[PDB]
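Structure record follows, encoded as C-alpha coordinates.
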Amino acid sequence: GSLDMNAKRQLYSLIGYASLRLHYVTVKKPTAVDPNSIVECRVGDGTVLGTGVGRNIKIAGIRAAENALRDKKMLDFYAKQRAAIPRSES
RNA sequence: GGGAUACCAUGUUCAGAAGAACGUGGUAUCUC
(Lines give C-alpha, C1' and ligand atoms only; values in the text may rest on other atoms or scores of the structure.)
Protein backbone atom coordinates (compact mmCIF):
# COMPACT_ATOMS: atom_id res chain seq x y z
CA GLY A 1 0.00 0.00 0.00
CA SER A 2 1.10 3.54 0.81
CA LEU A 3 1.84 4.06 4.50
CA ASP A 4 4.59 4.21 7.14
CA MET A 5 6.91 1.60 5.65
CA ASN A 6 5.94 2.69 2.14
CA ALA A 7 6.07 6.28 3.37
CA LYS A 8 9.56 6.38 4.89
CA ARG A 9 10.54 4.64 1.67
CA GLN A 10 9.04 7.45 -0.41
CA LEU A 11 10.47 10.28 1.67
CA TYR A 12 14.05 9.04 1.95
CA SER A 13 14.33 6.50 -0.88
CA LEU A 14 12.30 8.47 -3.41
CA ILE A 15 13.13 11.99 -2.19
CA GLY A 16 15.93 11.49 0.31
CA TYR A 17 18.96 13.17 -1.26
CA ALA A 18 21.78 15.22 0.26
CA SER A 19 20.94 18.70 1.58
CA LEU A 20 17.19 18.18 1.12
CA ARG A 21 16.90 19.11 4.78
CA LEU A 22 13.90 17.05 5.88
CA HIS A 23 11.88 18.62 8.68
CA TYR A 24 9.08 16.67 10.36
CA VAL A 25 8.22 18.86 13.32
CA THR A 26 5.96 17.50 16.04
CA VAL A 27 3.33 19.87 17.40
CA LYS A 28 0.43 19.64 19.84
CA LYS A 29 2.44 17.54 22.34
CA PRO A 30 0.17 14.65 23.48
CA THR A 31 -1.38 14.38 26.92
CA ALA A 32 -3.32 11.99 29.17
CA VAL A 33 -6.38 14.14 28.56
CA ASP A 34 -6.00 14.36 24.79
CA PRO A 35 -3.06 12.35 23.37
CA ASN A 36 -3.94 13.63 19.89
CA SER A 37 -0.78 14.85 18.16
CA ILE A 38 -0.20 16.52 14.80
CA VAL A 39 2.95 16.38 12.67
CA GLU A 40 4.39 18.98 10.30
CA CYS A 41 5.83 17.41 7.17
CA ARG A 42 8.15 20.19 6.05
CA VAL A 43 11.67 20.62 4.70
CA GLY A 44 14.08 23.38 3.76
CA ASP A 45 12.52 25.48 6.52
CA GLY A 46 9.92 26.67 4.03
CA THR A 47 8.41 23.58 2.41
CA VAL A 48 5.40 21.67 3.78
CA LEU A 49 4.81 18.32 2.08
CA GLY A 50 1.77 17.91 4.29
CA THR A 51 0.43 17.38 7.79
CA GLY A 52 -0.98 14.59 9.95
CA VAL A 53 -2.86 14.00 13.19
CA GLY A 54 -3.74 10.98 15.32
CA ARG A 55 -4.88 9.79 18.76
CA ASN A 56 -1.87 7.55 19.36
CA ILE A 57 0.28 10.15 17.56
CA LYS A 58 1.85 7.45 15.37
CA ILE A 59 -1.08 7.89 12.97
CA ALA A 60 0.18 11.44 13.10
CA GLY A 61 3.77 10.44 12.47
CA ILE A 62 2.73 8.06 9.72
CA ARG A 63 0.02 10.33 8.33
CA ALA A 64 2.91 12.79 8.15
CA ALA A 65 4.98 10.57 5.89
CA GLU A 66 1.92 9.55 3.88
CA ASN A 67 1.37 13.29 3.60
CA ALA A 68 4.74 13.92 1.92
CA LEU A 69 4.21 11.14 -0.62
CA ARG A 70 0.78 12.58 -1.36
CA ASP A 71 2.16 15.39 -3.52
CA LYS A 72 3.49 13.58 -6.58
CA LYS A 73 3.83 16.92 -8.36
CA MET A 74 5.97 18.06 -5.43
CA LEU A 75 7.68 14.68 -5.09
CA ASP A 76 8.74 14.45 -8.73
CA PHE A 77 9.24 18.19 -8.75
CA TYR A 78 12.02 17.50 -6.28
CA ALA A 79 13.36 14.70 -8.44
CA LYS A 80 14.23 17.19 -11.17
CA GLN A 81 15.27 19.82 -8.62
CA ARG A 82 17.61 17.38 -6.89
CA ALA A 83 19.11 16.81 -10.34
CA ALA A 84 19.24 20.50 -11.24
CA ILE A 85 20.33 22.19 -8.00
CA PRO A 86 22.51 25.13 -9.14
CA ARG A 87 25.67 26.45 -7.49
CA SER A 88 26.04 28.66 -4.42
CA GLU A 89 23.70 26.82 -2.05
CA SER A 90 23.62 26.77 1.76
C1' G B 1 -8.30 -7.01 34.03
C1' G B 2 -8.11 -4.21 28.77
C1' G B 3 -6.05 0.28 26.33
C1' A B 4 -3.31 5.27 25.51
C1' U B 5 0.42 9.02 26.18
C1' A B 6 4.87 9.98 28.73
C1' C B 7 9.72 9.52 31.80
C1' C B 8 14.48 6.46 32.60
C1' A B 9 16.75 2.81 30.01
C1' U B 10 17.47 -0.94 25.78
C1' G B 11 16.50 -3.15 21.45
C1' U B 12 13.77 -5.18 17.89
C1' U B 13 10.73 -4.78 13.81
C1' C B 14 8.74 -3.32 9.57
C1' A B 15 10.23 -4.00 4.90
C1' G B 16 11.99 -6.75 1.05
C1' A B 17 13.43 -1.38 -4.27
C1' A B 18 14.83 1.86 -0.32
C1' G B 19 15.37 2.94 3.89
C1' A B 20 12.58 4.69 8.02
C1' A B 21 10.90 3.94 12.38
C1' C B 22 8.54 1.51 15.92
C1' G B 23 9.02 -1.95 19.69
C1' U B 24 10.27 -3.56 24.74
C1' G B 25 10.94 -3.44 30.47
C1' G B 26 8.97 -0.81 34.57
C1' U B 27 6.77 3.74 37.34
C1' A B 28 2.74 7.06 36.61
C1' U B 29 -1.60 10.09 34.80
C1' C B 30 -5.77 9.32 32.45
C1' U B 31 -9.37 6.08 30.76
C1' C B 32 -12.50 1.86 30.12
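Going through the C-alpha coordinates in order, the chains are called A, B, and so on, while each chain numbers its residues from 1 and the ligands are numbered from 1 in the order shown.
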
Chain A contacts on chain B, only C-alpha atoms (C1' of nucleotides), 7 Å, as a list in words
residues 4, 5, 14, 15, 18, 19, 20, 29 and 30 of chain B

Write the residues you've just listed into a file as a PDB file, in the first residue's frame, and include N, CA and C atoms (P, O5', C5', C4', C3', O3' and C1' of nucleotides) for each of them.
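So out.pdb came out as:
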ATOM      1  P     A B   4      -3.187   0.480  22.712  1.00  0.00           P
ATOM      2  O5'   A B   4      -3.255   1.938  23.393  1.00  0.00           O
ATOM      3  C5'   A B   4      -4.016   2.986  22.788  1.00  0.00           C
ATOM      4  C4'   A B   4      -3.671   4.353  23.377  1.00  0.00           C
ATOM      5  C3'   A B   4      -2.174   4.518  23.558  1.00  0.00           C
ATOM      6  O3'   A B   4      -1.621   5.071  22.362  1.00  0.00           O
ATOM      7  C1'   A B   4      -3.312   5.270  25.507  1.00  0.00           C
ATOM      8  P     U B   5      -0.054   5.439  22.289  1.00  0.00           P
ATOM      9  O5'   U B   5       0.060   6.704  23.279  1.00  0.00           O
ATOM     10  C5'   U B   5      -0.064   8.035  22.771  1.00  0.00           C
ATOM     11  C4'   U B   5       0.239   9.081  23.840  1.00  0.00           C
ATOM     12  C3'   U B   5       1.711   9.079  24.217  1.00  0.00           C
ATOM     13  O3'   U B   5       2.411   9.992  23.371  1.00  0.00           O
ATOM     14  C1'   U B   5       0.416   9.023  26.185  1.00  0.00           C
ATOM     15  P     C B  14       8.984  -8.291  11.324  1.00  0.00           P
ATOM     16  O5'   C B  14       8.548  -6.916  10.605  1.00  0.00           O
ATOM     17  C5'   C B  14       7.261  -6.343  10.849  1.00  0.00           C
ATOM     18  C4'   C B  14       7.187  -4.894  10.372  1.00  0.00           C
ATOM     19  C3'   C B  14       7.010  -4.820   8.865  1.00  0.00           C
ATOM     20  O3'   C B  14       5.609  -4.716   8.587  1.00  0.00           O
ATOM     21  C1'   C B  14       8.740  -3.319   9.565  1.00  0.00           C
ATOM     22  P     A B  15       5.006  -5.260   7.198  1.00  0.00           P
ATOM     23  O5'   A B  15       5.868  -4.457   6.101  1.00  0.00           O
ATOM     24  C5'   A B  15       6.873  -5.129   5.339  1.00  0.00           C
ATOM     25  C4'   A B  15       7.880  -4.147   4.746  1.00  0.00           C
ATOM     26  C3'   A B  15       8.448  -4.682   3.442  1.00  0.00           C
ATOM     27  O3'   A B  15       7.742  -4.062   2.364  1.00  0.00           O
ATOM     28  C1'   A B  15      10.227  -3.995   4.898  1.00  0.00           C
ATOM     29  P     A B  18      17.663  -1.635  -2.593  1.00  0.00           P
ATOM     30  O5'   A B  18      17.509  -0.222  -1.840  1.00  0.00           O
ATOM     31  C5'   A B  18      17.354   0.988  -2.587  1.00  0.00           C
ATOM     32  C4'   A B  18      16.692   2.080  -1.751  1.00  0.00           C
ATOM     33  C3'   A B  18      17.189   2.038  -0.312  1.00  0.00           C
ATOM     34  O3'   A B  18      18.194   3.043  -0.147  1.00  0.00           O
ATOM     35  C1'   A B  18      14.834   1.861  -0.324  1.00  0.00           C
ATOM     36  P     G B  19      19.419   2.816   0.875  1.00  0.00           P
ATOM     37  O5'   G B  19      18.798   3.287   2.282  1.00  0.00           O
ATOM     38  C5'   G B  19      18.236   4.594   2.421  1.00  0.00           C
ATOM     39  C4'   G B  19      16.895   4.560   3.148  1.00  0.00           C
ATOM     40  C3'   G B  19      17.077   4.420   4.646  1.00  0.00           C
ATOM     41  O3'   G B  19      17.177   5.728   5.210  1.00  0.00           O
ATOM     42  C1'   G B  19      15.371   2.939   3.887  1.00  0.00           C
ATOM     43  P     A B  20      17.353   5.922   6.797  1.00  0.00           P
ATOM     44  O5'   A B  20      15.829   5.999   7.311  1.00  0.00           O
ATOM     45  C5'   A B  20      14.922   6.953   6.753  1.00  0.00           C
ATOM     46  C4'   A B  20      13.490   6.695   7.206  1.00  0.00           C
ATOM     47  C3'   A B  20      13.374   6.788   8.722  1.00  0.00           C
ATOM     48  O3'   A B  20      12.872   8.082   9.061  1.00  0.00           O
ATOM     49  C1'   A B  20      12.577   4.687   8.016  1.00  0.00           C
ATOM     50  P     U B  29      -0.404   8.165  39.780  1.00  0.00           P
ATOM     51  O5'   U B  29      -0.775   8.898  38.392  1.00  0.00           O
ATOM     52  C5'   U B  29      -0.547  10.301  38.229  1.00  0.00           C
ATOM     53  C4'   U B  29      -1.259  10.855  36.997  1.00  0.00           C
ATOM     54  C3'   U B  29      -2.675  10.315  36.884  1.00  0.00           C
ATOM     55  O3'   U B  29      -3.563  11.183  37.593  1.00  0.00           O
ATOM     56  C1'   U B  29      -1.602  10.086  34.801  1.00  0.00           C
ATOM     57  P     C B  30      -5.130  10.822  37.704  1.00  0.00           P
ATOM     58  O5'   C B  30      -5.536  10.538  36.171  1.00  0.00           O
ATOM     59  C5'   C B  30      -5.772  11.627  35.276  1.00  0.00           C
ATOM     60  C4'   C B  30      -6.085  11.151  33.859  1.00  0.00           C
ATOM     61  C3'   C B  30      -7.399  10.400  33.797  1.00  0.00           C
ATOM     62  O3'   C B  30      -8.467  11.335  33.652  1.00  0.00           O
ATOM     63  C1'   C B  30      -5.765   9.316  32.450  1.00  0.00           C
TER      64        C B  30
END

All residues 8 Å or closer to residue 22 (chain A), only C-alpha atoms (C1' of nucleotides), same chain fewer than 4 positions away omitted, as a ChimeraX atom specification:
/A:42-44

Extract the full set of helix (DSSP H, G or I) residues from chain A according to DSSP on the backbone, and format it as a ChimeraX atom specification.
/A:5-15,58-68,72-84

Go through A:67, A:49, A:27, A:17 and flag the residue nearest residue 81 (chain A), using only C-alpha atoms for the distances.
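The shortest atom-to-atom distance to residue 81 (chain A) comes from A:17.
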
For residue 64 (chain A), list every protein, DNA or RNA residue within 7 Å, evaluated using only C-alpha atoms (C1' of nucleotides), and leave out those in the same chain fewer than 3 positions away; present the list as a VMD selection string.
chain A and resid 39 to 41 50 to 52 60 to 61 67 to 68

Can you pull out every residue from chain A that DSSP, working from the backbone, puts in strand (DSSP E or B), and format the result as a PyMOL selection string?
chain A and resi 22-27+37-43+47-54

Generate the output file for the selected residues, N, CA, C and O atoms, as a PDB file, in the first residue's frame.
ATOM      1  N   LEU A  22      15.217  17.477   5.447  1.00  0.00           N
ATOM      2  CA  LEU A  22      13.897  17.054   5.879  1.00  0.00           C
ATOM      3  C   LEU A  22      13.550  17.788   7.162  1.00  0.00           C
ATOM      4  O   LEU A  22      14.443  18.266   7.861  1.00  0.00           O
ATOM      5  N   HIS A  23      12.271  17.904   7.467  1.00  0.00           N
ATOM      6  CA  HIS A  23      11.882  18.623   8.675  1.00  0.00           C
ATOM      7  C   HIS A  23      10.489  18.272   9.199  1.00  0.00           C
ATOM      8  O   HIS A  23       9.567  19.086   9.124  1.00  0.00           O
ATOM      9  N   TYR A  24      10.351  17.080   9.771  1.00  0.00           N
ATOM     10  CA  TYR A  24       9.083  16.669  10.359  1.00  0.00           C
ATOM     11  C   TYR A  24       8.995  17.148  11.796  1.00  0.00           C
ATOM     12  O   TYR A  24       9.498  16.495  12.711  1.00  0.00           O
ATOM     13  N   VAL A  25       8.361  18.292  11.989  1.00  0.00           N
ATOM     14  CA  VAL A  25       8.216  18.860  13.323  1.00  0.00           C
ATOM     15  C   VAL A  25       6.960  18.342  14.002  1.00  0.00           C
ATOM     16  O   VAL A  25       5.896  18.264  13.390  1.00  0.00           O
ATOM     17  N   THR A  26       7.088  18.000  15.275  1.00  0.00           N
ATOM     18  CA  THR A  26       5.960  17.501  16.044  1.00  0.00           C
ATOM     19  C   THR A  26       5.338  18.631  16.851  1.00  0.00           C
ATOM     20  O   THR A  26       6.027  19.330  17.595  1.00  0.00           O
ATOM     21  N   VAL A  27       4.035  18.813  16.690  1.00  0.00           N
ATOM     22  CA  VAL A  27       3.328  19.868  17.396  1.00  0.00           C
ATOM     23  C   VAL A  27       2.052  19.348  18.043  1.00  0.00           C
ATOM     24  O   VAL A  27       1.455  18.373  17.579  1.00  0.00           O
ATOM     25  N   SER A  37      -1.992  14.134  18.537  1.00  0.00           N
ATOM     26  CA  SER A  37      -0.780  14.846  18.161  1.00  0.00           C
ATOM     27  C   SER A  37      -0.713  15.030  16.649  1.00  0.00           C
ATOM     28  O   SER A  37      -1.035  14.117  15.887  1.00  0.00           O
ATOM     29  N   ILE A  38      -0.302  16.218  16.217  1.00  0.00           N
ATOM     30  CA  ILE A  38      -0.201  16.518  14.799  1.00  0.00           C
ATOM     31  C   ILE A  38       1.250  16.745  14.385  1.00  0.00           C
ATOM     32  O   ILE A  38       2.037  17.332  15.128  1.00  0.00           O
ATOM     33  N   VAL A  39       1.595  16.262  13.196  1.00  0.00           N
ATOM     34  CA  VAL A  39       2.947  16.384  12.669  1.00  0.00           C
ATOM     35  C   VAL A  39       3.009  17.398  11.532  1.00  0.00           C
ATOM     36  O   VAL A  39       2.024  17.603  10.816  1.00  0.00           O
ATOM     37  N   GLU A  40       4.181  18.008  11.361  1.00  0.00           N
ATOM     38  CA  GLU A  40       4.391  18.984  10.299  1.00  0.00           C
ATOM     39  C   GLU A  40       5.425  18.470   9.310  1.00  0.00           C
ATOM     40  O   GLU A  40       6.630  18.576   9.541  1.00  0.00           O
ATOM     41  N   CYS A  41       4.946  17.925   8.201  1.00  0.00           N
ATOM     42  CA  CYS A  41       5.832  17.409   7.170  1.00  0.00           C
ATOM     43  C   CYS A  41       6.375  18.565   6.348  1.00  0.00           C
ATOM     44  O   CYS A  41       5.749  18.996   5.377  1.00  0.00           O
ATOM     45  N   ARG A  42       7.535  19.075   6.751  1.00  0.00           N
ATOM     46  CA  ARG A  42       8.145  20.193   6.055  1.00  0.00           C
ATOM     47  C   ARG A  42       9.654  20.014   5.924  1.00  0.00           C
ATOM     48  O   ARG A  42      10.265  19.286   6.696  1.00  0.00           O
ATOM     49  N   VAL A  43      10.241  20.693   4.943  1.00  0.00           N
ATOM     50  CA  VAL A  43      11.675  20.624   4.703  1.00  0.00           C
ATOM     51  C   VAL A  43      12.192  21.937   4.132  1.00  0.00           C
ATOM     52  O   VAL A  43      11.426  22.727   3.575  1.00  0.00           O
ATOM     53  N   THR A  47       9.154  24.500   3.256  1.00  0.00           N
ATOM     54  CA  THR A  47       8.407  23.578   2.406  1.00  0.00           C
ATOM     55  C   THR A  47       7.589  22.602   3.243  1.00  0.00           C
ATOM     56  O   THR A  47       8.139  21.886   4.063  1.00  0.00           O
ATOM     57  N   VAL A  48       6.276  22.577   3.032  1.00  0.00           N
ATOM     58  CA  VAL A  48       5.397  21.673   3.776  1.00  0.00           C
ATOM     59  C   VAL A  48       4.794  20.623   2.850  1.00  0.00           C
ATOM     60  O   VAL A  48       3.864  20.911   2.097  1.00  0.00           O
ATOM     61  N   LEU A  49       5.319  19.403   2.913  1.00  0.00           N
ATOM     62  CA  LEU A  49       4.811  18.323   2.080  1.00  0.00           C
ATOM     63  C   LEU A  49       3.402  17.951   2.512  1.00  0.00           C
ATOM     64  O   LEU A  49       2.615  17.426   1.724  1.00  0.00           O
ATOM     65  N   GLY A  50       3.089  18.224   3.776  1.00  0.00           N
ATOM     66  CA  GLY A  50       1.770  17.906   4.288  1.00  0.00           C
ATOM     67  C   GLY A  50       1.698  17.958   5.802  1.00  0.00           C
ATOM     68  O   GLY A  50       2.590  18.496   6.458  1.00  0.00           O
ATOM     69  N   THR A  51       0.628  17.394   6.350  1.00  0.00           N
ATOM     70  CA  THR A  51       0.426  17.375   7.794  1.00  0.00           C
ATOM     71  C   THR A  51      -0.378  16.150   8.210  1.00  0.00           C
ATOM     72  O   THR A  51      -1.103  15.571   7.401  1.00  0.00           O
ATOM     73  N   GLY A  52      -0.247  15.755   9.472  1.00  0.00           N
ATOM     74  CA  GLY A  52      -0.977  14.593   9.950  1.00  0.00           C
ATOM     75  C   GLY A  52      -1.327  14.671  11.423  1.00  0.00           C
ATOM     76  O   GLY A  52      -0.634  15.319  12.199  1.00  0.00           O
ATOM     77  N   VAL A  53      -2.413  14.008  11.804  1.00  0.00           N
ATOM     78  CA  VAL A  53      -2.862  14.000  13.190  1.00  0.00           C
ATOM     79  C   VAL A  53      -3.394  12.622  13.583  1.00  0.00           C
ATOM     80  O   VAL A  53      -3.913  11.887  12.743  1.00  0.00           O
ATOM     81  N   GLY A  54      -3.263  12.275  14.861  1.00  0.00           N
ATOM     82  CA  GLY A  54      -3.738  10.983  15.324  1.00  0.00           C
ATOM     83  C   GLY A  54      -3.885  10.922  16.835  1.00  0.00           C
ATOM     84  O   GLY A  54      -3.309  11.740  17.548  1.00  0.00           O
TER      85      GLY A  54
END

Between CA of residue 18 (chain A) and CA of residue 45 (chain A) - distance in Å to one decimal:
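Distance reported for this atom pair: 15.2 Å.
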